[PDB]
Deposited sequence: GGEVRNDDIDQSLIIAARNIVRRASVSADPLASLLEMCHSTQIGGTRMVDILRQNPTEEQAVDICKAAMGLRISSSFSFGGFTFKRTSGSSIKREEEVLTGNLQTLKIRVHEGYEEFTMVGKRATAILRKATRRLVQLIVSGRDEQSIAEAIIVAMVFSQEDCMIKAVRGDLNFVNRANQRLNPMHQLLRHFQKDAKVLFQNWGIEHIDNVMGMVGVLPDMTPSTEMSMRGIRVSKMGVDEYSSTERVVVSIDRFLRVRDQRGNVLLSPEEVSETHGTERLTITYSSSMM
């Protein structure tokens, strides 16, 4: 049970990475899934029975019409909506380097939990606004990673304005990343202009919680607008999802739940033998 899961993830990640470089990735992935065995059992038979929710694995499940977790993955983090709703409106925005970006802006009030491996968070947000972020983590590194993802996800104008120079990030297949991911890789290379330009505010010490400044220094006095660090940020609903040619998994409203771009780069050595085509 434990070894099949470890091995299935490794096989799924390899398949999505190989498929993603092909002209029609969906068809490539479907080939490899149907002609791959893990410890002697067929991979499609493992997918039908195994309950693991992982980004590469869930892309493969979707590919063959299996139900998956309704969560979505942004910046490595799993997001579950705990409350509220939104609608979608495409808008042109202008970066700090005067580059147009067409963005599907979400309009509404929504509350989510973010769960990464080294940090978790509660996010509350409105139309192009971070309302509040309560974040936990292992360290300075891991906490800042979660803050950058929440800031980009919020769609705020100060985040858009803090962009410096052009955004032409590409995937392994030489195709441009879509705008939200363009923004995310930019601020993942450097979040300094982002944090400086975000804004600061006075806070009252709720015990358990602390402020954090644009240089990541804690404080009891001030914090970055909306953001508080904490010490412990507190089950699966399977649903039908869709898949396209480029392995983008979507909900019924067309929000991208998963993609090649949200599959972890970790190479790892399988515990049960994996035989490909």
What stretches of this chain's deposited sequence are missing C-alpha coordinates?
-> 1-5, 240-243, 287-290
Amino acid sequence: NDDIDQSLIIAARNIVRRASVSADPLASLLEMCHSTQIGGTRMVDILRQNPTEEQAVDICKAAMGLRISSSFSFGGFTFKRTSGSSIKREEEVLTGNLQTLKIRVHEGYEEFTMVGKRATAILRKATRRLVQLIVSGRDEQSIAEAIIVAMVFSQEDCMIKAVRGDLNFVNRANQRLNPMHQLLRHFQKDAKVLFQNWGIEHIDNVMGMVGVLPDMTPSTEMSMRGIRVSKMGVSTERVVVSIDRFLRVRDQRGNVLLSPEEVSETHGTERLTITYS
From here on, numbers count along this sequence of modelled residues.
Quick one: say whether 167-175 or 91-99 has the higher mean Cα B-factor in the deposited entry.
-> 167-175
Take the C-alpha B-factors listed in the entry for 24-32 and for 39-47, compute each mean, and give the stretch with the larger one.
-> 39-47
Checking the entry, which one of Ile243, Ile227, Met209, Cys60 has the top C-alpha B factor?
-> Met209
Sort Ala56, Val239, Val234, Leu247 by C-alpha B-factor from the entry and give me just the highest.
-> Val234
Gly84 - which third its CA temperature factor falls in, relative to the rest of the chain | lowest
B-factor third for the C-alpha atom of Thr266 within its chain | highest
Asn205: CA B-factor among chain residues, third -> highest
Going by the entry, which third of its chain does the Cα temperature factor of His106 land in?
-> lowest
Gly199 CA temperature factor, ranked by third within the chain | middle
